[PDB]
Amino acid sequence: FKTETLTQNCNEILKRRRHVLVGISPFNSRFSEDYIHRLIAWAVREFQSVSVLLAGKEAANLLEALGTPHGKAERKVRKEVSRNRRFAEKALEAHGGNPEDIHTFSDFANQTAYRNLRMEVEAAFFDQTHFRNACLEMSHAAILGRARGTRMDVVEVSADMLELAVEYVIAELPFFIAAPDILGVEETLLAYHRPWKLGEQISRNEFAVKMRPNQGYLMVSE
């Protein structure tokens, strides 16, 4: 795996190799069982501690945006997240990591740190049109791949679909800006295979949202 970081501060965290938070979504086509094993093996080889972050309940909003009824969506999310969890448990075990170190982004709904971060992200979403637009672009990106990879037609992504999907973005973002606050680690890099444009904007202080100094984003590529 080749890696690229958001800023220079991200590079300092990377050099210490203390902890990586490996992101996995069952609704992104990158994440086969085989890839999850290769990715987690890499993470355990390269970092002192490895945790996994799975999609939370708000993944159902992505499926609903693409036409799945709510009840069916909840069931599909529970199923596929459980499947991903099992793959990650086996991969962590196989390589000397701890299969308990797996979380979804909705596991901390009642936790003070997560709630504080959610409030910060939501406040900016409602108050700042430029942040709202950046979030809507993330929500577009969260459904577009799936819309094209799993359908025969060319479905047009509507404003209504983005508004439904963006709950997913709001729910995950606390882990993109301050995962250590939530997980109780000294510092981390969130590792994922897509670039994250909004992260660069956040680090430049373009919004009423802050990238914590002990958080970085690590783009991984095979």
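We number the residues from 1 along the sequence you see.
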query: Other entries omitting residue 153, at least a third; finding: yes
query: Greater mean Cα temperature factor according to the PDB record, 204-212 or 17-25; finding: 204-212
query: Selected stretch [higher average CA B-factor]: 56-64 or 192-200; finding: 192-200
query: Largest Cα B-factor, entry values, listed residues 185, 178, 170, 50; finding: 185
query: Residue with maximal Cα B-factor (values as given in the PDB entry) among 140, 151, 103, 76; finding: 151
query: Entry-reported Cα temperature factor of residue 91, expressed as the chain third it lands in; finding: middle
query: Among modelled residues of the same chain, the CA temperature factor third for residue 109; finding: highest
query: Cα B factor band for residue 130 (lowest, middle or highest third within the chain); finding: highest
query: Where the record places residue 164 (Cα B-factor, split into thirds across the chain); finding: highest
query: Third of the chain's Cα B-factor distribution that residue 85 belongs to, per the entry; finding: middle
